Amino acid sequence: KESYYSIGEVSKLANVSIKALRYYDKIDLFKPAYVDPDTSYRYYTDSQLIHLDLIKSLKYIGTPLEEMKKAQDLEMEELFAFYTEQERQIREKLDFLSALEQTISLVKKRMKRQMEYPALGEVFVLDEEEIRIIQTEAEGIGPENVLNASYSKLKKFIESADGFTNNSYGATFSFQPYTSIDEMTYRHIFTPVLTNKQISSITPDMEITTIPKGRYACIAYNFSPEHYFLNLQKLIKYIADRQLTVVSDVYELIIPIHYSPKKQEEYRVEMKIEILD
């Protein structure tokens, strides 16, 4: 080859845009063999095309352009290692993505269950699978004064283990024949976990526990301050009428229907309590 290739020829031959070529030129990653001193036209030698091989390959695997500059120097000996490195990072993304995929699936699983609920406002008994959770004591907190900010530390944990943040906010309280909401006080407030991934060094003011597998007398409904208590009451009554034996605290889960700052807020509330007979 005693000639030269014009920018467009190289582009058609290497399947690399002219824009890409001008950029690799500016970047001093791949500069033409000769630039016409007048027209400023870019000209390339055939032997030089070989350098685009590495460039295109590294680009395919996401290597940053400036990163390539150092790679084009090493001589097959170290280039080997360079790849072993790239492999490590590739597996990194894979593990992340696999985990992420699993998480999403679980969020959907739980999400579907709330969508296929028997009936709102009515009490019923069903067999539940255990649900793992992270809890901390309520410290006086009760139905009338809980805040989203109250779940801050809990959420920081689930977040650094799941990436995803809890979908539901939970609380518990002694099963009593209350006559008023102000008589109520939460024992614990909790958030369920998704990934059981070893919780990054948990502090002792948190407990990794579970809402055990068993039979539960439940009731779900769309939140309304004047319905919260009356629904608790249905539950209390239902258990008394069938003479059931409660063997856990009442478990309370609040999950938002939407996260739109536009529409009026609405939550799904679910109270369940483990029973025996």
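The numbering used is simple: start at 1 and walk along the sequence shown.
The stretch 114 to 122 shows the higher mean C-alpha B-factor when 114 to 122 is compared against 200 to 208 in the entry. As the entry records it, the average C-alpha temperature factor is higher for 31 to 39, out of 247 to 255 and 31 to 39.
When the Cα B-factors of 174, 191, 148, 165 are read from the PDB record, 165 comes out highest. Looking only at 133, 138, 74, 184, the residue with the top Cα B factor in the deposited structure is 74. For residue 152, the recorded CA temperature factor ranks within the lowest third of the chain's modelled residues. When the modelled residues of the chain are ordered by their C-alpha B factor, residue 64 lands in the middle third.
Sort the modelled residues of the chain by CA B factor and residue 241 lands in the middle third.
In the PDB entry, a CA B factor belonging to the middle third of its chain's modelled residues is recorded for residue 57.
Placement of the Cα temperature factor of residue 45 within the chain: lowest third of the modelled residues, per the deposited record.
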